[PDB]
Amino acid sequence: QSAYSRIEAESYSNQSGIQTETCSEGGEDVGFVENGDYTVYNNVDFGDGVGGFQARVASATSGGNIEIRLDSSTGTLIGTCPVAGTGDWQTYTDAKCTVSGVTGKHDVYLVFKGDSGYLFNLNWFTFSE
Ligand SMILES: O[C@@H]1[C@@H](O)[C@H](O)OC[C@H]1O
Ligand code: NA
């Protein structure tokens, strides 16, 4: 799958600790996110050109960070996307960050880190050139 496509969060290959649920904007979100949870998207093709990451997120708390790691849940970090409260678990906004240069095909781990409690819900994400 292309890094530059819209990747629905619920389309993960593997996950730890989360649950999918009905998303107010349509489709599903990955919710029940606590510090240390993650989702994995296999065989993402970055080509040569990546510069950024955009995630569609909601949070009734104070959010947290999405660590973007390659090939394992503790693997090389290529960006950390800050996520901020939106006042409701089903009112979404765009969280965005820069991403270090990378090439080729990798399994992408989105590793959710933050304070105590639930962090945010993730509807979909994408990378930008
Ligand atoms: O959306 C989820 C909500 O349904 C649950 O009650 O709290 C955790 C959130 O992620
Ligand atoms: Na979704």
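Ligands are counted one by one from 1 in listed order, and the atoms in each one are counted from 1 as well. Positions are given from 1, in the same order as the sequence printed here. Quick note: numbers below take in every heavy atom, side chains included, and nothing from hydrogens, waters or symmetry partners.
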> Between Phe127 and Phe53, is the ring centre distance below 6.0 Å?
Replying inline: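 Distance test on ring centres: under 6.0 Å, yes.
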> If you count the non-hydrogen atoms of other residues, nucleotides and ligands that lie under 6.0 Å from CG in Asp115, is the total more than 12?
Replying inline: no
> Can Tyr12 and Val40 be said to form a side chain to side chain contact (heavy atoms under 4.5 Å, CB included), step by step?
Replying inline: CA-CA 5 Å; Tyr12 55 78; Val40 190; 5.6 Å; no
Nearest to the Na ion (ligand 2), which N, O or S atom of [X] do we find?
X: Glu10; result: OE1
X: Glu28; result: O
X: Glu8; result: OE1

>> If you compare all heavy atoms of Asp107 against all heavy atoms of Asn43, which two are closest, and at what distance to 0.1 Å?
In response: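 Where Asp107 meets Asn43 most closely, the heavy atoms are OD1-N, 2.8 Å.
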>> Restricting to non-hydrogen atoms, name the atom on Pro82 and the atom on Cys97 that form the minimum distance, rounded to 0.1 Å.
In response: CD-CB, 4.1 Å
> If only atom types and distance count, is the side chain of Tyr4 paired as donor or acceptor with the main-chain N or O of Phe46 below 3.5 Å?
Replying inline: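 Side chain of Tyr4 to backbone of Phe46, a donor-acceptor pair under 3.5 Å: yes, one is there.
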>> The criterion is salt bridge (charged side-chain N to carboxylate O under 4.0 Å, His left out); which residues satisfy it with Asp94, sequence neighbours excluded?
In response: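 If we apply the salt bridge (charged side-chain N to carboxylate O under 4.0 Å, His left out) test to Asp94, skipping adjacent residues, the hits are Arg56.
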> Got the residues with a heavy atom under 4.0 Å of ligand 1, by chain and number?
Replying inline: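 Those residues closer than 4.0 Å to ligand 1 by some heavy atom are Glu21, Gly31, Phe32, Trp89, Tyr118, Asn121.
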> Of all the atoms in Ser11, is at least one N, O or S atom closer to the Na ion (ligand 2) than 3.0 Å?
Replying inline: no
>> Nearest 0.5 angstrom please: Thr91 OG1 to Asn121 CG, how far?
In response: 10.5 Å
